[PDB]
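Student: Please see the structure below; I have some questions.
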Amino acid sequence: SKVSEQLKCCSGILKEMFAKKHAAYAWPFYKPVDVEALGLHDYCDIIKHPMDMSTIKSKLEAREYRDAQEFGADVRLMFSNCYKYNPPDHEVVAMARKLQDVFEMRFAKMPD
Amino acid sequence: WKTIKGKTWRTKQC
Ligand SMILES: [N]
């Protein structure tokens, strides 16, 4: 049941990531990456496993995550795809650091 | 103007 209470905290962490408090830098991660946008024609060639916040929420509701570490692996996969595809100086990379900082600070205080 | 991940728009300031 320790795992069950951890997965409940994962939902609250993702809820804060969806909150308006962070919407100024968390919006590029709400929905899956729109590969039909200009300049993103080579995203599926660089990123082999896409991941977004809506997919993480869908798998939380479907209870696909066994433990909280599998949840964090997808959250960090979401940020790693941004670090790998986008050049470092881009603004979206800076937005990923701000949202990941919010995640890592909340994820570190997981009940144990 | 601003462009992020193919999304281009004009801010309210400009
Ligand atoms: N503007």
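Chain labels follow the order of the structure tokens: the first chain is A, the next B, and so on; residue numbering restarts at 1 in every chain, and ligands are counted from 1 in their shown order.
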For ligand 1, collect every residue having any atom at a distance of at most 7 Å from a ligand atom (counting only C-alpha atoms and all ligand atoms); output as a compact mmCIF listing (two decimals) with C-alpha atoms, in the first residue's frame.
Tutor:
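Once everything was written out, this is pocket-v3.txt:
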# COMPACT_ATOMS: atom_id res chain seq x y z
CA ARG B 10 2.72 38.06 -31.78
CA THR B 11 2.75 39.01 -28.09
CA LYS B 12 0.30 41.52 -26.64
CA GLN B 13 3.22 43.83 -25.95
CA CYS B 14 4.27 44.06 -29.60
Student: Find the nearest atom pair between each residue of chain B and chain A for residues within 9 Å, count only C-alpha atoms, give distances in Å to one decimal, sort rows by chain and ascending number, and present the table as a tab-separated table.
Tutor:
residue	atom	partner	partner_atom	distance
B:4	CA	A:92	CA	6.8
B:5	CA	A:40	CA	7.1
B:6	CA	A:38	CA	4.7
B:7	CA	A:37	CA	7.2
Student: Mind writing the picked residues with C-alpha atoms as an mmCIF file, in the first residue's frame?
Tutor:
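selection.cif was written with the following content:
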data_model
loop_
_atom_site.group_PDB
_atom_site.id
_atom_site.type_symbol
_atom_site.label_atom_id
_atom_site.label_comp_id
_atom_site.auth_asym_id
_atom_site.auth_seq_id
_atom_site.Cartn_x
_atom_site.Cartn_y
_atom_site.Cartn_z
ATOM 1 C CA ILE B 4 8.504 28.145 -29.914
ATOM 2 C CA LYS B 5 8.424 24.654 -31.417
ATOM 3 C CA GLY B 6 6.853 25.837 -34.639
ATOM 4 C CA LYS B 7 4.271 27.919 -32.811
#
Student: Using CA of residue 32 in chain A and CA of residue 97 in chain A as the two end points, give the distance in Å to one decimal.
Tutor: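 Value for the CA of residue 32 in chain A-CA of residue 97 in chain A distance: 18.2 Å.
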Student: When you look at residue 23 in chain A with a cut-off of 12 Å (counting only C-alpha atoms), what residues show up, excluding the ones that are within fewer than 6 positions of it in the same chain? I need them as a list in words.
Tutor: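 The filter keeps residues 15, 16, 17, 29, 30, 95, 96, 98 and 99 of chain A.
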Student: In Å, how far is it from CA of residue 73 in chain A to CA of residue 52 in chain A?
Tutor: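 Separating CA of residue 73 in chain A from CA of residue 52 in chain A is a distance of 12.0 Å.
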Student: Assign secondary structure with DSSP using the backbone only, and return the residues of range 9-109 of chain A in alpha helix (DSSP H) as a PyMOL selection string.
Tutor: chain A and resi 9-18+23-26+43-46+53-61+68-85+91-108
Student: Can I get the selection written as a PDB file, in the first residue's frame, with C-alpha atoms?
Tutor:
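Contents of the output file part-v1.pdb:
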ATOM      1  CA  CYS A   9       1.264  11.674  -4.833  1.00  0.00           C
ATOM      2  CA  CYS A  10       2.351  11.280  -8.467  1.00  0.00           C
ATOM      3  CA  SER A  11      -1.130  12.418  -9.519  1.00  0.00           C
ATOM      4  CA  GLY A  12      -0.848  15.529  -7.355  1.00  0.00           C
ATOM      5  CA  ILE A  13       2.627  16.280  -8.697  1.00  0.00           C
ATOM      6  CA  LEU A  14       1.324  16.050 -12.269  1.00  0.00           C
ATOM      7  CA  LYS A  15      -1.689  18.144 -11.247  1.00  0.00           C
ATOM      8  CA  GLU A  16       0.628  20.947 -10.114  1.00  0.00           C
ATOM      9  CA  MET A  17       2.560  20.611 -13.380  1.00  0.00           C
ATOM     10  CA  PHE A  18      -0.762  21.219 -15.164  1.00  0.00           C
ATOM     11  CA  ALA A  23       1.568  27.325 -17.420  1.00  0.00           C
ATOM     12  CA  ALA A  24       4.013  29.932 -18.758  1.00  0.00           C
ATOM     13  CA  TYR A  25       6.718  27.261 -19.126  1.00  0.00           C
ATOM     14  CA  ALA A  26       4.810  23.948 -18.937  1.00  0.00           C
ATOM     15  CA  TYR A  43      11.304  14.977 -34.586  1.00  0.00           C
ATOM     16  CA  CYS A  44      10.305  11.324 -35.025  1.00  0.00           C
ATOM     17  CA  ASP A  45      13.727  10.679 -36.586  1.00  0.00           C
ATOM     18  CA  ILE A  46      15.575  11.971 -33.505  1.00  0.00           C
ATOM     19  CA  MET A  53       2.017  15.132 -19.732  1.00  0.00           C
ATOM     20  CA  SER A  54      -1.342  14.061 -21.194  1.00  0.00           C
ATOM     21  CA  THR A  55       0.015  10.573 -21.903  1.00  0.00           C
ATOM     22  CA  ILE A  56       1.421  10.364 -18.366  1.00  0.00           C
ATOM     23  CA  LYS A  57      -1.988  11.361 -16.997  1.00  0.00           C
ATOM     24  CA  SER A  58      -3.751   8.815 -19.221  1.00  0.00           C
ATOM     25  CA  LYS A  59      -1.506   6.015 -17.950  1.00  0.00           C
ATOM     26  CA  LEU A  60      -2.037   7.146 -14.354  1.00  0.00           C
ATOM     27  CA  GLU A  61      -5.811   6.927 -14.821  1.00  0.00           C
ATOM     28  CA  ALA A  68       6.277   5.745  -8.574  1.00  0.00           C
ATOM     29  CA  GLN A  69       9.685   5.165 -10.187  1.00  0.00           C
ATOM     30  CA  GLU A  70       8.062   4.113 -13.464  1.00  0.00           C
ATOM     31  CA  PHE A  71       6.049   7.344 -13.340  1.00  0.00           C
ATOM     32  CA  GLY A  72       9.212   9.394 -12.866  1.00  0.00           C
ATOM     33  CA  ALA A  73      10.927   7.516 -15.690  1.00  0.00           C
ATOM     34  CA  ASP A  74       8.277   8.774 -18.120  1.00  0.00           C
ATOM     35  CA  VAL A  75       8.387  12.314 -16.716  1.00  0.00           C
ATOM     36  CA  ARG A  76      12.172  12.347 -17.167  1.00  0.00           C
ATOM     37  CA  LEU A  77      11.784  10.761 -20.602  1.00  0.00           C
ATOM     38  CA  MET A  78       9.596  13.753 -21.460  1.00  0.00           C
ATOM     39  CA  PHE A  79      12.364  16.184 -20.493  1.00  0.00           C
ATOM     40  CA  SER A  80      15.144  14.076 -22.034  1.00  0.00           C
ATOM     41  CA  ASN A  81      13.383  14.142 -25.412  1.00  0.00           C
ATOM     42  CA  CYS A  82      13.400  17.947 -25.200  1.00  0.00           C
ATOM     43  CA  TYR A  83      17.084  18.063 -24.224  1.00  0.00           C
ATOM     44  CA  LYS A  84      18.050  15.683 -27.046  1.00  0.00           C
ATOM     45  CA  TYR A  85      16.038  17.213 -29.898  1.00  0.00           C
ATOM     46  CA  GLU A  91      13.943  28.776 -25.041  1.00  0.00           C
ATOM     47  CA  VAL A  92      12.074  25.458 -24.781  1.00  0.00           C
ATOM     48  CA  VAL A  93      15.146  23.902 -23.148  1.00  0.00           C
ATOM     49  CA  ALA A  94      15.074  26.622 -20.484  1.00  0.00           C
ATOM     50  CA  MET A  95      11.359  25.963 -19.969  1.00  0.00           C
ATOM     51  CA  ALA A  96      12.119  22.253 -19.532  1.00  0.00           C
ATOM     52  CA  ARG A  97      14.626  22.988 -16.758  1.00  0.00           C
ATOM     53  CA  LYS A  98      12.066  25.105 -14.892  1.00  0.00           C
ATOM     54  CA  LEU A  99       9.349  22.447 -15.119  1.00  0.00           C
ATOM     55  CA  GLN A 100      11.777  19.640 -14.263  1.00  0.00           C
ATOM     56  CA  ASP A 101      12.970  21.622 -11.242  1.00  0.00           C
ATOM     57  CA  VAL A 102       9.363  21.739 -10.022  1.00  0.00           C
ATOM     58  CA  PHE A 103       9.061  17.994 -10.641  1.00  0.00           C
ATOM     59  CA  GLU A 104      12.344  16.897  -9.044  1.00  0.00           C
ATOM     60  CA  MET A 105      11.648  18.946  -5.905  1.00  0.00           C
ATOM     61  CA  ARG A 106       8.163  17.460  -5.494  1.00  0.00           C
ATOM     62  CA  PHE A 107       9.291  13.971  -6.533  1.00  0.00           C
ATOM     63  CA  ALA A 108      12.126  13.997  -3.983  1.00  0.00           C
TER      64      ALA A 108
END
Student: In Å to one decimal, how far is CA of residue 42 in chain A from CA of residue 64 in chain A?
Tutor: 29.3 Å
